[PDB]
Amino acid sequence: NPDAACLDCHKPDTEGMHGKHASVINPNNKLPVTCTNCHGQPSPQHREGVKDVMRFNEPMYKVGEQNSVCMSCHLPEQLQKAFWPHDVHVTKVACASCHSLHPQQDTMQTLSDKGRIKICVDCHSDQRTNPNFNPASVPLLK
């Protein structure tokens, strides 16, 4: 269990993977998805706050760096078929500004029809009125 190493320090509930990715198979190796598949690997300096592991929806990494990890498994063509606005956001805002992957359910998969339009308004309006908007880290929808 390669996840057990992380869970020696991290909280198995809130920092455990309890969303859909807990039950999926990694298309690259046909094994269960592990922590490092999304976060990469800690260095000896990990506890100090260094650019070792990936951090999602936080200011440390550029949008392109954050989102590229998802694309080690996901396919841009298929994302379009699921939800058109994906393409224009792939390089522009953190995937995790919308998706929540650690909890038992993802906020995006439960949105009503109205909610799927309100997210556009909420974040685009924030960009117009918030001088400190940072596309790498948006707490708005959380």
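Heads up: residue numbers just count along the shown sequence, starting at 1.
Comparing 93-101 with 32-40, the higher mean C-alpha B-factor in the PDB entry belongs to 32-40.
For the pair 6-14 and 118-126, the mean B factor over Cα atoms is greater in 6-14.
When the C-alpha B-factors of 57, 68, 80, 109 are read from the PDB record, the largest value belongs to 109. Which of 86, 51, 47, 62 has the largest Cα B-factor in the deposited entry comes down to 47.
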